[PDB]
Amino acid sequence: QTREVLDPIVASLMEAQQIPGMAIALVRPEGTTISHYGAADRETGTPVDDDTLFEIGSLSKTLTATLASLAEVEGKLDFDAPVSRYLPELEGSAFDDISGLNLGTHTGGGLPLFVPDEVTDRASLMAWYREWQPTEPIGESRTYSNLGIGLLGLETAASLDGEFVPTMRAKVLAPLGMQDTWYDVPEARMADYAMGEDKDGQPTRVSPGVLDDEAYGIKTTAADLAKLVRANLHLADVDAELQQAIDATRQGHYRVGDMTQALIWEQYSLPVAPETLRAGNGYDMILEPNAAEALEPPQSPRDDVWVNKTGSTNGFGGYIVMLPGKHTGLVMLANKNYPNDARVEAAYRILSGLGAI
């Protein structure tokens, strides 16, 4: 059926990229198909199954974005407001002039990609935010940042008078039915925690770091992710306020060349050539600052677009594509950090093989 298009491509991908295991989820209007390939851990050879848990890296940011969007829908968070309104420990800093919307679109004034070594806890972090000097015109330039979305995670928790992880579980994960989604994987499920493989073939797992939960910390199953995707595609039964929150994550906020930056989500209009997608998910977009044009009346969720997000850790590589107009989406989790190029090619072949493009 569906699985005839998918199995040869995945096989080819895993062989070409030396991927121990993958878990894939295809979301269609007539149902969601889950598929498991290879081993959860190369050394032991344990198969990937329904319960297998994957690091999703920066894919976590879609969750963070969603919870931010819900606090907005509940009228507890204004995206246009200075971030210091909700984190008064940052009054007087650059964040009097930087908004939650900026942070959610990586247009917060040049905020760097990584958390500095100097920063080792909340106090030292807030301190650093207070000290930091913007290096790019706020709301005009895009630099992919963990400090940025990490801070939006903090701002959101503050505006909801709760702690991040429990709030996330209560307001987003539980209602979406995401019962296998963990920030800290419990001892009981450690057997189901896949082992990573880095690009030198060594086994890796993610270490704790500051802002990990907010920026890259989730471990989960392809099915659970498929619930988030199902909701974006209007294929799930979900609270009205939550469904508004999710939809707003897909609002166009900035034009960045061929890419439109939604709230975390990144999208390309259709039809789209793989090269556009390789470039948009490549070096010039991820690791350089890019001019960004504010879409002033925001722009509603589009039905003629390729929406995606990549995510990685040293040992895992995830990718999510959504076609809102075709009510189709794809989740590809792997326990190997393989190139974004390969992710884009695989996702593309798969989706045209099913005539969603």
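Note that residue numbering follows the sequence shown and begins at 1.
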In the PDB record, does 222-230 or 259-267 carry the higher mean Cα temperature factor? 222-230
Averaging the C-alpha temperature factors as deposited, the higher value of 269-277 versus 170-178 falls on 170-178
Highest recorded Cα temperature factor - choice among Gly45, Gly318, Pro301, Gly315: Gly45
Given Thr33, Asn290, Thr64, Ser58, identify the residue with the highest C-alpha B factor in the PDB entry. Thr33
Third of chain Cα B-factors occupied by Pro324: highest
Which third, lowest, middle or highest, does the CA B-factor of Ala39 fall in along this chain? highest
Chain thirds by Cα B factor, record data; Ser84 belongs to the middle
Splitting the chain's C-alpha B-factors into thirds, which one does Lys336 fall into? highest
How does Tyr216 rank on Cα B-factor within its chain, lowest, middle or highest third? lowest
